[PDB]
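S.K.: Let me give you the structure first, and then I'll get to my questions.
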Amino acid sequence: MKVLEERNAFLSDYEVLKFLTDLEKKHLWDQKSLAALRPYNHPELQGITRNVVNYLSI
Amino acid sequence: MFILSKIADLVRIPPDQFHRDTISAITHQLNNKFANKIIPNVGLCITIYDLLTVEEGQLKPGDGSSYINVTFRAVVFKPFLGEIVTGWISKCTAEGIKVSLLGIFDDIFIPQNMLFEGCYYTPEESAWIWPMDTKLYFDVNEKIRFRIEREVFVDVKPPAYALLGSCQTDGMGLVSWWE
């Protein structure tokens, strides 16, 4: 494993909020789909993915 | 506060998955190794933003799994030097304040040599006080605005990645103090 460039680009707060939000969809991790429901197993990715979102939306 | 990091690495895809979207499979293996995990001397990796390049899968003579060299980018939590970050006071130790980005990162420490000139600790109330003529209290669980000062890495308490913060300028400190 090699790092080609630690800082390749800034992801704006919004861009993150989006990407992480659209991500929870592909894997069914949204308020809506969570209550209407195996979704993607990954507990850690799902884990932090939610927290980052709950942060930028506050 | 967030960035992307161009990285390269070898992945191992099991025969049990050769029928899956090869690339979606790769991404899985990466999150498997990096999602919410630290990247040595870089920072906290949140997930893969995208894949950039993939080679051909070379098989091993011992197990039907093909190995693949991949170049990708990843969403990394790596506040920059000078940035003004907002978090919650998680603990007031006699030597400083510990901050948190609620579930994101807990290794944010603001030491006494970083607070306002005069700040002292109180083991009775369990908090740090700030004088100016008139006592202001950095209390537990209150949003804190702090400036990031040092980026501390350690090849691997102690944590492989931590950050030092400050509160020495108008506006920094407990948020309820300047809104």
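By convention here, the chains of the structure tokens are called A, B, ... in the order presented, each chain's residues are numbered starting at 1, and ligands are numbered starting at 1 in the order presented.
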For a quick test of understanding: name the residues of chain A lying within 8 Å of chain B when counting only C-alpha atoms, and present them as a list in words.

M.R.: residues 1, 2, 3, 4, 5, 6, 7, 8, 9, 10, 11, 12, 13, 16, 42, 44, 45, 48, 49, 51, 52 and 55 of chain A

S.K.: Could those residues be written to a file, using N, CA and C atoms, as a compact mmCIF listing (two decimals), in the first residue's frame?

M.R.:
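The new file part34.txt reads:
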# COMPACT_ATOMS: atom_id res chain seq x y z
N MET A 1 0.84 -1.24 0.00
CA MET A 1 0.00 0.00 0.00
C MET A 1 0.86 1.26 0.00
N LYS A 2 0.62 2.13 -0.97
CA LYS A 2 1.39 3.35 -1.09
C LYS A 2 0.54 4.60 -1.30
N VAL A 3 0.91 5.67 -0.62
CA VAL A 3 0.22 6.95 -0.73
C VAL A 3 0.81 7.81 -1.86
N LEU A 4 0.02 8.02 -2.92
CA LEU A 4 0.46 8.81 -4.07
C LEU A 4 0.34 10.30 -3.82
N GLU A 5 -0.62 10.68 -2.98
CA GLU A 5 -0.82 12.08 -2.58
C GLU A 5 -1.92 12.23 -1.57
N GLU A 6 -1.49 12.37 -0.32
CA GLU A 6 -2.38 12.51 0.82
C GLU A 6 -3.44 13.59 0.64
N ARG A 7 -3.06 14.70 0.02
CA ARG A 7 -4.02 15.78 -0.21
C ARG A 7 -4.20 16.00 -1.71
N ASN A 8 -5.12 15.23 -2.29
CA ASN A 8 -5.41 15.26 -3.72
C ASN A 8 -6.49 16.26 -4.07
N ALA A 9 -7.25 16.67 -3.07
CA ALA A 9 -8.30 17.64 -3.29
C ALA A 9 -9.17 17.83 -2.07
N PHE A 10 -9.69 19.04 -1.90
CA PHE A 10 -10.56 19.31 -0.78
C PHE A 10 -11.96 18.89 -1.21
N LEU A 11 -12.67 18.22 -0.32
CA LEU A 11 -14.05 17.85 -0.59
C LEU A 11 -14.83 18.87 0.25
N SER A 12 -15.61 19.72 -0.41
CA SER A 12 -16.40 20.72 0.31
C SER A 12 -17.35 20.03 1.28
N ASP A 13 -17.74 20.73 2.33
CA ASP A 13 -18.66 20.15 3.30
C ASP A 13 -19.87 19.57 2.56
N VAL A 16 -19.26 16.37 0.59
CA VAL A 16 -19.16 15.22 1.47
C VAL A 16 -20.59 14.82 1.83
N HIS A 42 -21.52 -4.34 5.91
CA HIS A 42 -20.49 -3.47 6.50
C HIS A 42 -20.99 -2.63 7.67
N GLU A 44 -18.90 -1.08 10.00
CA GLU A 44 -18.00 0.04 10.18
C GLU A 44 -18.21 1.13 9.14
N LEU A 45 -18.33 0.75 7.88
CA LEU A 45 -18.55 1.78 6.88
C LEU A 45 -19.89 2.44 7.16
N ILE A 48 -19.44 4.83 10.53
CA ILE A 48 -18.89 6.17 10.35
C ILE A 48 -19.64 6.98 9.29
N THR A 49 -20.14 6.31 8.26
CA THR A 49 -20.84 7.04 7.21
C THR A 49 -21.99 7.85 7.79
N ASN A 51 -22.40 8.87 11.06
CA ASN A 51 -21.83 9.90 11.91
C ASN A 51 -21.30 11.12 11.17
N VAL A 52 -20.62 10.92 10.05
CA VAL A 52 -20.10 12.05 9.30
C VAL A 52 -21.27 12.90 8.83
N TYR A 55 -23.05 14.96 11.38
CA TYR A 55 -22.18 16.07 11.76
C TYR A 55 -22.36 17.26 10.83

S.K.: Mind listing the alpha helix (DSSP H) residues of segment 28-111 of chain B, per DSSP on the backbone, as a short mmCIF file (atom, residue, chain, number, x, y, z; two decimals) with N, CA, C and O atoms, in the first residue's frame?

M.R.:
data_model
loop_
_atom_site.label_atom_id
_atom_site.label_comp_id
_atom_site.auth_asym_id
_atom_site.auth_seq_id
_atom_site.Cartn_x
_atom_site.Cartn_y
_atom_site.Cartn_z
N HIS B 28 -15.39 -3.05 -2.20
CA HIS B 28 -15.74 -3.73 -0.95
C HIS B 28 -14.44 -4.01 -0.19
O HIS B 28 -14.27 -3.56 0.93
N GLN B 29 -13.52 -4.75 -0.81
CA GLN B 29 -12.24 -5.07 -0.17
C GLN B 29 -11.48 -3.85 0.36
O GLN B 29 -10.76 -3.94 1.34
N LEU B 30 -11.63 -2.70 -0.28
CA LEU B 30 -10.94 -1.52 0.20
C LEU B 30 -11.60 -1.03 1.48
O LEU B 30 -10.94 -0.84 2.49
N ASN B 31 -12.91 -0.82 1.45
CA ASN B 31 -13.60 -0.36 2.65
C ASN B 31 -13.27 -1.33 3.78
O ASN B 31 -13.05 -0.95 4.92
N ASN B 32 -13.22 -2.61 3.42
CA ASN B 32 -12.91 -3.68 4.36
C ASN B 32 -11.62 -3.39 5.09
O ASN B 32 -11.52 -3.58 6.30
N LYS B 33 -10.63 -2.90 4.34
CA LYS B 33 -9.32 -2.56 4.89
C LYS B 33 -9.15 -1.11 5.37
O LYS B 33 -8.36 -0.86 6.28
N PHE B 34 -9.90 -0.17 4.79
CA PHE B 34 -9.77 1.24 5.17
C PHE B 34 -10.95 1.96 5.83
O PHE B 34 -10.74 2.83 6.66
#

S.K.: List as a list in words the protein and nucleic acid residues near residue 29 of chain A, meaning an atom at most 9 Å away when only C-alpha atoms are counted, but skip any in the same chain fewer than 3 places from it.

M.R.: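 What passes the distance filter is residues 23, 24, 25, 26, 32, 33, 34, 39, 40, 46 and 50 of chain A.
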
S.K.: Could you write those residues out with C-alpha atoms, as an mmCIF file, in the first residue's frame?

M.R.:
data_model
loop_
_atom_site.group_PDB
_atom_site.id
_atom_site.type_symbol
_atom_site.label_atom_id
_atom_site.label_comp_id
_atom_site.auth_asym_id
_atom_site.auth_seq_id
_atom_site.Cartn_x
_atom_site.Cartn_y
_atom_site.Cartn_z
ATOM 1 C CA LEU A 23 -23.952 6.329 -0.407
ATOM 2 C CA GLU A 24 -26.343 5.340 2.364
ATOM 3 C CA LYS A 25 -28.938 4.830 -0.383
ATOM 4 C CA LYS A 26 -27.063 2.296 -2.515
ATOM 5 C CA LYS A 32 -36.929 5.838 5.164
ATOM 6 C CA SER A 33 -35.475 2.583 3.855
ATOM 7 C CA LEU A 34 -34.384 1.574 7.378
ATOM 8 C CA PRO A 39 -28.958 -3.507 3.039
ATOM 9 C CA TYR A 40 -25.162 -3.693 2.826
ATOM 10 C CA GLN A 46 -22.252 2.158 7.665
ATOM 11 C CA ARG A 50 -23.844 7.954 9.354
#

S.K.: Can you tell me which residues surround residue 137 of chain B at a distance of at most 7 Å, considering only C-alpha atoms, apart from same-chain residues fewer than 2 positions away, and format the answer as a list in words?

M.R.: residues 127, 128, 129, 130, 135 and 139 of chain B

S.K.: I need the residues in segment 1-52 of chain A that are strand (DSSP E or B) according to DSSP; give them as an MDAnalysis selection string.

M.R.: chainID A and resid 2:11

S.K.: Produce a file of the selected residues containing N, CA and C atoms, as a PDB file, in the first residue's frame.

M.R.:
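This went into result31.pdb:
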ATOM      1  N   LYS A   2       0.622   2.131  -0.972  1.00  0.00           N
ATOM      2  CA  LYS A   2       1.394   3.353  -1.092  1.00  0.00           C
ATOM      3  C   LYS A   2       0.540   4.597  -1.302  1.00  0.00           C
ATOM      4  N   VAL A   3       0.911   5.674  -0.617  1.00  0.00           N
ATOM      5  CA  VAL A   3       0.215   6.951  -0.728  1.00  0.00           C
ATOM      6  C   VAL A   3       0.805   7.806  -1.865  1.00  0.00           C
ATOM      7  N   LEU A   4       0.023   8.022  -2.917  1.00  0.00           N
ATOM      8  CA  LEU A   4       0.464   8.807  -4.065  1.00  0.00           C
ATOM      9  C   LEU A   4       0.338  10.303  -3.819  1.00  0.00           C
ATOM     10  N   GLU A   5      -0.619  10.683  -2.978  1.00  0.00           N
ATOM     11  CA  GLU A   5      -0.818  12.075  -2.580  1.00  0.00           C
ATOM     12  C   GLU A   5      -1.920  12.226  -1.567  1.00  0.00           C
ATOM     13  N   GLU A   6      -1.493  12.369  -0.319  1.00  0.00           N
ATOM     14  CA  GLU A   6      -2.378  12.514   0.822  1.00  0.00           C
ATOM     15  C   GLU A   6      -3.435  13.591   0.641  1.00  0.00           C
ATOM     16  N   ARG A   7      -3.063  14.704   0.021  1.00  0.00           N
ATOM     17  CA  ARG A   7      -4.019  15.782  -0.211  1.00  0.00           C
ATOM     18  C   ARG A   7      -4.199  16.000  -1.710  1.00  0.00           C
ATOM     19  N   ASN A   8      -5.116  15.227  -2.286  1.00  0.00           N
ATOM     20  CA  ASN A   8      -5.408  15.256  -3.717  1.00  0.00           C
ATOM     21  C   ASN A   8      -6.491  16.259  -4.067  1.00  0.00           C
ATOM     22  N   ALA A   9      -7.251  16.674  -3.066  1.00  0.00           N
ATOM     23  CA  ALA A   9      -8.302  17.644  -3.290  1.00  0.00           C
ATOM     24  C   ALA A   9      -9.166  17.831  -2.067  1.00  0.00           C
ATOM     25  N   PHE A  10      -9.691  19.036  -1.904  1.00  0.00           N
ATOM     26  CA  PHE A  10     -10.564  19.306  -0.783  1.00  0.00           C
ATOM     27  C   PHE A  10     -11.959  18.885  -1.213  1.00  0.00           C
ATOM     28  N   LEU A  11     -12.673  18.216  -0.321  1.00  0.00           N
ATOM     29  CA  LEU A  11     -14.048  17.850  -0.588  1.00  0.00           C
ATOM     30  C   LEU A  11     -14.833  18.866   0.245  1.00  0.00           C
TER      31      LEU A  11
END
